[PDB]
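Undergrad: What follows is a structure written as C-alpha cells; I'll ask about it next.
Bear in mind these aren't lab numbers, they're just calculated from the coordinates by the rules spelled out. Note that we place each Cβ from the backbone using ideal geometry, even for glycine, and neighbour counts take in every protein chain shown.
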There are 4 protein chains.
Amino acid sequence: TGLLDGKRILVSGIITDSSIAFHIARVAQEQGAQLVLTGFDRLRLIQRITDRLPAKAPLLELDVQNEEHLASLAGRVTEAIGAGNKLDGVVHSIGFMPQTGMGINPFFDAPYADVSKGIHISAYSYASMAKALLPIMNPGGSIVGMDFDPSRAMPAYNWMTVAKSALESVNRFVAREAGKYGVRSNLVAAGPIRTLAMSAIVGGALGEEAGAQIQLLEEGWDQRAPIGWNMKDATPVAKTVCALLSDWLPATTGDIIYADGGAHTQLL
Amino acid sequence: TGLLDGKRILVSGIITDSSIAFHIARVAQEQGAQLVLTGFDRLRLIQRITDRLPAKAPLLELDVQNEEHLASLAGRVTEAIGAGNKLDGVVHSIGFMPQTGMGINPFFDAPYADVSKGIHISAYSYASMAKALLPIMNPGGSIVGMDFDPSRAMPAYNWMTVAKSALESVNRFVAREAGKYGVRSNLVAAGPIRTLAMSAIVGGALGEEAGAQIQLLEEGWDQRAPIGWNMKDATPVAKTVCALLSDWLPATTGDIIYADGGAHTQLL
Amino acid sequence: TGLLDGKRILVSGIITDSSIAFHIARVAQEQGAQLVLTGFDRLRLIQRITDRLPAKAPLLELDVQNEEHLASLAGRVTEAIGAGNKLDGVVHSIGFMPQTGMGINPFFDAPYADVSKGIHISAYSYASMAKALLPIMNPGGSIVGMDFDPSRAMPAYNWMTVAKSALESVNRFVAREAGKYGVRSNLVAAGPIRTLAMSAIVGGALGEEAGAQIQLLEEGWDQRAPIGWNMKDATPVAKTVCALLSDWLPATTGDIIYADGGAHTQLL
Amino acid sequence: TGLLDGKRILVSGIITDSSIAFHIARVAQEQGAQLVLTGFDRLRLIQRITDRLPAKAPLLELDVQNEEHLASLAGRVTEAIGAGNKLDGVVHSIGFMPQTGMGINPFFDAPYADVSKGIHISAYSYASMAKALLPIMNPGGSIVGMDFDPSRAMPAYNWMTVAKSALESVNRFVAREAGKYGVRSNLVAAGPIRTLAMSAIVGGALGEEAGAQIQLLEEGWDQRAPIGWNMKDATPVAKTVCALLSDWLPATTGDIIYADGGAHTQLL
Ligand SMILES: NC(=O)c1ccc[n+]([C@@H]2O[C@H](COP(=O)([O-])OP(=O)(O)OC[C@H]3O[C@@H](n4cnc5c(N)ncnc54)[C@H](O)[C@@H]3O)[C@@H](O)[C@H]2O)c1
Ligand SMILES: NC(=O)c1ccc[n+]([C@@H]2O[C@H](COP(=O)([O-])OP(=O)(O)OC[C@H]3O[C@@H](n4cnc5c(N)ncnc54)[C@H](O)[C@@H]3O)[C@@H](O)[C@H]2O)c1
Ligand SMILES: NC(=O)c1ccc[n+]([C@@H]2O[C@H](COP(=O)([O-])OP(=O)(O)OC[C@H]3O[C@@H](n4cnc5c(N)ncnc54)[C@H](O)[C@@H]3O)[C@@H](O)[C@H]2O)c1
Ligand SMILES: NC(=O)c1ccc[n+]([C@@H]2O[C@H](COP(=O)([O-])OP(=O)(O)OC[C@H]3O[C@@H](n4cnc5c(N)ncnc54)[C@H](O)[C@@H]3O)[C@@H](O)[C@H]2O)c1
Ligand SMILES: Cc1cc(C)nc(SCC(=O)/N=c2/[nH]cc(Cc3cccc(C(F)(F)F)c3)s2)n1
Ligand SMILES: Cc1cc(C)nc(SCC(=O)/N=c2/[nH]cc(Cc3cccc(C(F)(F)F)c3)s2)n1
Ligand SMILES: Cc1cc(C)nc(SCC(=O)/N=c2/[nH]cc(Cc3cccc(C(F)(F)F)c3)s2)n1
Ligand SMILES: Cc1cc(C)nc(SCC(=O)/N=c2/[nH]cc(Cc3cccc(C(F)(F)F)c3)s2)n1
Ligand SMILES: [Mg+2]
Ligand SMILES: [Mg+2]
Ligand SMILES: [Mg+2]
Ligand SMILES: [Mg+2]
C-alpha cells in the first residue's frame, strides 16, 4: 500500500549515492514502484551504487547524446519489463555543463561548443527522452524532470542557469505532446543539494570566488525558507517527485513544483 | 491505508453538493482523514448536505467576518476532536464578492464597501483562519486555500480577481508565520468549476455579456489544457488539495499549485 | 523641446520635498509639462512645498476616500486647465497603511478595518482616480501609478505588500477601461526610496526589529542591482514615470516597469 | 532635439524593409542618433535596403556564428566612428531557427544540430555581441535585444520559443557584466509583426496547420490588447527600443519591456 504500488517507473541520472536520482529511486521503491534504471558511461560504478537500493532493478545504458541509444531505448525497456507492459512514470534527473560554462570562468568566455553540449544534455534531452518513451507509456502516466529556479540570474551557475531556462520552456512543449497520450509532464525545482560535485565546487574546484558565492547562496536559501532548507537531505525532493509520479496531482502539467522550502516565495 | 490515514483536518466552505469543499471533504474521508467541518449562516442546509459524505463529521459555525466566532474557534475544534489532540490540516474554501464587484456591473462602479467585504471574506480571512488555528496544529501540518489564477485580467470576474491577487500575497505572509509551527501554507489554483453560482452566471444572472464571456473563458480553458479540463468534475481539484494535505509535498510552502489541466502554461 | 512639451499632466501625492511625487513633478516640468497638482489634508504645507517646483501649478484638494472630492474632480481640473482642454497624463503616487499593518506589529494582529483603509487608499483609489479622470483625458494619454514589487513576501512591509499585490491586479483592469479612451495605464515598481517616513521606520518608529529588517533589505537591493541602487535619489524613478507619460512607450499597458536598478532580476 | 541626439548606436538585423531593425534604425535616425549598421551574408541587398533610411550609415559585416567577425568587430566599429569615440547603444535584432525547429515539423523531430544553430544565433549571440562591444561603450549606455514572450508554449513557434526562453536568461547575465561598464541590458518583447517571413509562414510555407495556428494567434493578440495591436506596424516597437536606448529608463536592467499592446496582461 505504497503511494506508487504497481507502477512501473524509469529512473535516469544515478551516478553516486549523493545523486538526487538515487533518493528518488529509493523512495519510489519504498512506495511500491517497480523500477528500470538508466545510467551513463560508468555502468560498473552505477551497478555497484544501485545495489544499495531497497530492491534490485535492471540497469540500461543511456547516453542522451547518443541517437542509437535513444532509438533502441523503448525496445530495451520493454525487454526489461516484459512484452505487453508499459511504463507509468519517467524521471529525468540529468544535467551537465562544462567547466567553462560555470564558476569563475567569465560568463562571456564560455565557447559555444561547450554551452551547446550543456544545453543538449540538460534541456534538449528532456524532449529526447519523452520522444523515446511516450510510445510505451500508459494513460495517467507522468514524466518528471529536475529543475533549479532560473528566473533570476545568480553568481557562478552562469550557463547552467541558461540551460534550466531552456528546460522549463522545453517542458511546456513536452506537455503538449505528452497530453496526446494521457500523460503529464512537470519539473521539480529543488533548492541546492550537497551532491559530491556541489561539495567540490564549494571547496573551490571551479575557483575561490565561485565557491564563496555558492556558499552564500546556500546559506541564504535556508534563511529565506519559511520551513527551512537542509541541503544535506534529498528526501523532501524525492518525495515531491513521487507526488508527481502518483495519481494525486492529476490536473497539473507543463508546470513546475518548487521543493525549495518555500525560499522562492520570500525576499528575506 | 489512505493518503491521509489518521490525520485530523478542518474543512471550511461547504454550502451545496457542488461546492469544491464538498469534494475535498469526500476525497479526504475516502483517504482516511477525520474531519471537522465549518459552515456559514445556513447550518441546517449544510448539515443535510454533509449527511451525504462517506463519514459523519461534526459541523461548527464560522462566519469569518465575526471576530467572536474566530476567537472561540480553536476551543470549539478542540471540544470536537478531544483535549490533547491537534489538527494536521486546514482547508480554506471560502470566497465571495458582491454582485456590484462582478459581471456586467462596470468595474469602476463597484462601491468600496462592497469590494472591501469581498476582500475581507476572500483574502483577509485566510490570515484570520491561520491565526485562529495554528495554535492547535501539529508540526508537519498543512494549510490549503483555493485560488483562481489572477495574474492576467479577465472579463466579468473583475474585483474577485483583485481579491485573488490579494489572497496570493496573504498566503506568502501566512507561510512565514506557519513555518514557526512547522506548518506549510499553500494555495490550489483551480480551473473553472461549474458550481451552482457559476451555472447561474453563465445563464446570465449577472448579465448576458458577462455570461457569454465566462462561457468563452471555460471553453478556452479546455482547449489550452494539454490534458483537457472538465469543469463538471471537481475530483482532480480535490485530489490536489489532498496531495498538499499529505506528507508528500513537505518542502513546498508560500506557494501555488495549479490544478487547471496545465491551461496556464499554454497560450493556445 | 522637453520630453513632455505641451502635455497637461495631473500629479497626486506630494506631501514633503522627499515625496517621490515631488521629483516626478519637478522632472515633468523640466521636460515642458503643464501640471495640475492634487494634495491631501495639509494643503497649506503642500502649497509651501510645491512653491519650490520649477514652475507654479494649481493645487486641488483630493482625499481619495472622499466620494464628493472624486465626483467634483474632473470639473475642478477643467476649471484649472480651461474649458476645451483635456489631460494627457495622470500620476497616482498615493499610498498608506496604518501602523498596525506594518512593522513589528504581528501580521495576524492587524484589524481588518485598518487593512481595508490601507487597501482603499493604496489600491482601490487607482481605479477611483481613473474613473474620475478618463472622461477628461486625450487619446494617446497615460495613467501611471507607483508600485513596490510584492511578488515575494518581505519582513515589516506586511499588509502594505498585500495592498501592492491588489494594486497590480487593479492596474490590469484599469488598462481594459482606459484602452476604450485610447489611454495607457501602467505602474512603476521602484526600489526603496528614503522618504521621511522610510527614514523614521529605519530609525525604529515601528519597532527595532522592523527597522533592522528594512535596513538589511535596502542594503541587499544595492548589492543585487547590476547598475547599483541609490535610495537617496528619486530622479531615476521620476525619469521612468516621465518615460511612461511620454509618447515613447506607446504599446505598453496593463503593465509594470521596474525602476529598481535591475535588483528584481538577480538573486544575489 | 531628438530623443537620441548625439548618441552613437550600432544596429544589427536589417535584411529587408520589413525587418523590425529597419524601423528601429529609421526612428533612431529621426531622433538624432548616429548609426553603425551590421549585416549578415547578403551585404549588397542590405546596402540597397538601407539606402532608404533617413541618413547614410556605414554597414559592417557580422555573422554572429563567425568568431573572427566578432573578434574584429570593436576595431571595425572604432574605424567607422573614429578613434576616441565610443558607442552609447547597441541593438541586437537577430533571430533564426531552421525549419525543422518550427511549424508542422513535429517538436520531437528537430535534430539537435538544427536547434543548436538556432540557439547560437538567437540567444548565445546576445552574449557574443555584448562581449565584443562593451569595451567600446560609454557609461550610461544601453544594449537592447528583441524578444517574443516565451512564458507559455504556443503552436508552431516550437524551438524558437525555447530559444527565446534562453535569450531572456542570457539577458539577465549580460546585465551583470554590462553593469561593470555603467551599461544597461534589456529586451523588448514585441507582439507579432508581419515581416516577409511571417507572411510566408501564415501563407503555409511551414505547413497549413502551422499557418492557421499563427493566424489565430495574431488575431487573438489584437483582441486581448487593451489598446489594440497592429501587426503591420513596427513603429510602436521601434519607439520602445529607442526609449530604452535613451536616458529616460536609467534604472532598468536585466529586464523585459513588453511592446505588445498589453496583450500579455489579459487572458481575454
Ligand atoms: N544538486 C543541486 O543542487 C540541484 C538543484 C536543483 C536541481 N538539480 C538537478 O537535479 C538533476 C540531478 O543532478 P544531481 O545534482 O543529482 O547531480 P548528479 O551528478 O548526481 O546527477 C547528474 C546525472 O546526469 C547524468 N548525465 C550526464 N551526462 C549525461 C549523458 N550524456 N547522458 C545521460 N546522463 C547523463 C550523470 O551521469 C549523472 O547521473 C540535474 O538536472 C540537476 O541540474 C540539482
Ligand atoms: N468555482 C470556480 O470556478 C472556482 C475556481 C477556482 C477557485 N474557486 C474558489 O474555491 C473556493 C470555493 O468556492 P466554490 O466555487 O466551491 O463556491 P461555493 O459557493 O460552493 O463556496 C464558497 C463558500 O464560501 C463561504 N462563505 C461565504 N461567506 C462566508 C463567511 N462570511 N464566512 C464563512 N464562509 C463564507 C460560503 O458559505 C460557501 O460555503 C472559493 O475560494 C472560490 O473562489 C472557485
Ligand atoms: N518610498 C518607497 O520606498 C517607495 C517604493 C516604491 C513605491 N513607493 C510608492 O510611491 C508612492 C508615493 O509614496 P512616497 O514614498 O513618495 O511617500 P509619501 O508619503 O511622500 O507619499 C504618499 C502620499 O500619499 C498621500 N495620501 C495618503 N492618504 C491619502 C488620501 N486619503 N487621499 C489622497 N492622498 C493620500 C499622502 O498625502 C502622500 O502625499 C506610494 O504609492 C508608495 O507606496 C514608495
Ligand atoms: N516578427 C515577429 O513577429 C517578431 C516578434 C517578436 C520578436 N521578434 C524578433 O525580432 C528580431 C528581428 O527579427 P525580424 O522579425 O525583424 O526578422 P528579420 O528576418 O527581418 O530579422 C532577423 C535578422 O537576423 C539576422 N541573422 C540571421 N542569422 C544571422 C547570423 N548568423 N549573424 C548575424 N545576423 C543574423 C538576419 O540576417 C536578419 O537580418 C528577432 O530576434 C526576432 O525573433 C520578431
Ligand atoms: C543545478 C546543478 C548544480 C550542479 C552542481 N550540478 C547540476 S547537474 C550535474 C552537473 O552539472 N555535474 C557536473 N559535474 C562537473 C561539472 C563541471 C566541472 C568541471 C570540473 C570540476 C568540477 C567539480 F569539481 F566536480 F565541481 C565540475 S558540472 N545541476
Ligand atoms: C473564482 C470564483 C468564482 C465564483 C462564481 N465564485 C467564487 S467564490 C463563491 C462566490 O463568490 N459566490 C457568490 N455567490 C454570489 C455572488 C454574487 C451574486 C449576486 C447575484 C446573483 C449571483 C448568482 F446568480 F448566483 F450568480 C451571484 S458571488 N470564486
Ligand atoms: C512601499 C511604501 C513604503 C512606505 C514607507 N510608504 C509607502 S506609501 C506612504 C505611507 O504608507 N506612509 C505612511 N506614513 C505612516 C504610516 C504608518 C506609520 C505610523 C506611525 C509612524 C510611522 C512613521 F514613523 F512615520 F514611520 C508610520 S504609512 N509605500
Ligand atoms: C519570433 C520570430 C518569428 C519569426 C518568423 N522570425 C523570428 S527571427 C527571423 C527568423 O527566424 N527567420 C527565419 N527565416 C526562415 C526560417 C525558417 C524557414 C524555412 C523555410 C521557409 C521559411 C519561410 F517560408 F520563409 F517562412 C522559413 S526562420 N522570430
Ligand atoms: Mg544490496
Ligand atoms: Mg448519509
Ligand atoms: Mg519658488
Ligand atoms: Mg536614399
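Undergrad: Give me the net charge for the shell around C:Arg42: Cβ to Cβ below 13 angstrom, other residues only, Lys and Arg +1, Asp and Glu -1. Mind showing how you got there, number by number?
TA: On the way: positive: C:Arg44, C:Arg48; negative: C:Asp41, C:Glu61, C:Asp63.
So the environment of C:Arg42 carries a net charge of -1.
Undergrad: Tell me the relative contact order for the stretch B:174-244 as a rounded percent, counting alpha carbon contacts under 8 Å between residues six or more apart.
TA: On the way: 45 pairs, mean separation 21.0, N = 71.
Computed over the stretch B:174-244, the figure is 30 percent.
Undergrad: Moving on. To the nearest 20 Debye, how big is the dipole of the protein assembly as shown about its Cα centre, given +1 on the beta carbon of each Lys and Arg and -1 on that of each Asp and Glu?
TA: Details: 88 positive and 104 negative charges, 0 e Å.
Once rounded to the nearest 20, the dipole reads 0 debye.
Undergrad: Based solely on C-alpha atoms, express the radius of gyration and the Dmax of chain A in angstrom.
TA: In order Rg, Dmax, the Cα atoms of chain A give 17.8, 54 Å.
Undergrad: Counting only pairs 8 or more residues apart or on different chains, how many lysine pairs in chain C have their Cα atoms under 28 Å apart?
TA: 21
Undergrad: Taking chain B as a Gaussian network, where each spring joins two C-alpha atoms under 10 Å apart, which residue of B:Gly191, B:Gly89, B:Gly211 fluctuates the most?
TA: B:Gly211
Undergrad: Quote the FRET efficiency, to the nearest 0.05, computed for D:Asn66 versus A:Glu209 with a Förster distance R0 of 35 Å and r equal to the Cβ-Cβ distance.
TA: 0.65
Undergrad: Within the set of other residues whose C-beta is less than 12 Å from the C-beta of B:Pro250, count the net charge using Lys and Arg as +1 and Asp and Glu as -1. Walk me through the numbers before you get to the answer.
TA: Details: positive: A:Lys239, B:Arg184; negative: A:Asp233, A:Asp260, B:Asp247.
With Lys, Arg at +1 and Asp, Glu at -1, the net is -1.
Undergrad: Please state the relative contact order of chain D as a whole percent: Cα pairs under 8 Å, 6+ residues apart? Please report the intermediate quantities before stating the final value.
TA: Details: 516 pairs, mean separation 52.3, N = 268.
Reported relative contact order: 20 percent.
Undergrad: Please build a GNM for chain D, connecting alpha carbons under 10 Å apart, and tell me which residue among D:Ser142, D:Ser12, D:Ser128 fluctuates the most.
TA: Among D:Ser142, D:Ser12, D:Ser128, the largest GNM mean-square fluctuation belongs to D:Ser128.
Undergrad: Moving on to the next point. From other protein chains only, count the Cβ atoms within 10 Å of every residue's Cβ in B:141-154, then give the mean.
TA: Mean number of neighbouring Cβ atoms from other chains: 3.
Undergrad: Report the closest approach of any chain D C-beta to the axis of the D-to-C rotation: residue and distance, in whole angstrom.
TA: Reported as residue, whole Å: D:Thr1, 2.
Undergrad: Calculated from DSSP H runs of 4 or more alone, at -39500 (n - 2.57) each and per residue, what is the 222 nm mean residue ellipticity of chain D, nearest 500? Can you show the working numbers first?
TA: Working: 9 runs with 108 residues, N = 268.
When only DSSP H runs of four or more count, the value is -12500 deg cm²/dmol.
Undergrad: Let me ask something additional. Let me make sure I get this right: for the protein assembly as shown, a, b and c are the square roots of the gyration tensor eigenvalues over alpha carbons, sorted descending. Under 1.5 in a/c it's rounded, otherwise prolate if a/b > b/c, else oblate. Which is it? Don't skip to the answer; put the middle values down first.
TA: Numbers: a/c = 1.63, a/b = 1.08, b/c = 1.51.
Oblate is the answer for the protein assembly as shown, as a/c is 1.5 or above yet b/c matches or exceeds a/b.
Undergrad: Mind checking B:185-198 for the average number of partner chain beta-carbons within 10 Å of each residue's beta-carbon?
TA: 1
Undergrad: Take chain C, mark every one of the trypsin sites (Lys or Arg not before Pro) that falls in a DSSP loop and has at most 13 other Cβ within 10 Å, then report the longest stretch left between them, sites excluded. Provide the component values of the computation, followed by the final result.
TA: Working: sites that count: C:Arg42, C:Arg52, C:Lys56, C:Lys180, C:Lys232.
Looking at chain C, C:57-179 is the longest stretch - no exposed trypsin sites (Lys or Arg not before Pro) with at most 13 other Cβ atoms within 10 Å.
Undergrad: Report, for A:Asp233, each distance to the same residue's label point in the other copies, shortest first and in nm; define the point 7 Å along Cα→Cβ.
TA: Those label-point separations list as 3.7, 4.6, 5.9 nm.
Undergrad: Okay, next question. Could you pull out which residues in the stretch D:248-263 have an amide N less than 20 Å from a spot 7 Å beyond the Cα of C:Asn230, following the Cα-Cβ vector?
TA: D:248-254
Undergrad: At A:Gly6, label 7 Å along Cα→Cβ: distances to the other copies, nm, ascending?
TA: Those label-point separations list as 2.5, 7.6, 7.7 nm.
Undergrad: Could you compute the net charge surrounding C:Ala238? Neighbours are other residues with a C-beta less than 11 Å from the C-beta of C:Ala238; K and R count +1, D and E count -1. Intermediate results must be reported in sequence, preceding the final value.
TA: Numbers: positive: C:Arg26, C:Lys239; negative: C:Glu30, C:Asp233.
Result for the neighbourhood of C:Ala238: 0.
Undergrad: Now a separate question. At 7 Å along Cα-to-Cβ for each site, give me the label-to-label distance between A:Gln99 and B:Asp17 in nm.
TA: My value for the distance between the label points is 6.8 nm.
Undergrad: Taking the label point as lying 7 angstrom from Cα along the Cα-to-Cβ axis, what are the distances from C:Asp247 to the corresponding position in the remaining copies, in ascending order and in nanometres?
TA: 2.1, 6.4, 6.8
Undergrad: Same structure again: Summarise the partner chain shielding of C:232-240 as one whole number: the mean count of Cβ atoms from other chains within 10 Å of each residue's Cβ.
TA: Working: counts 0, 1, 0, 2, 5, 2, 0, 6, 5.
Going residue by residue through C:232-240 and averaging, the value is 2.
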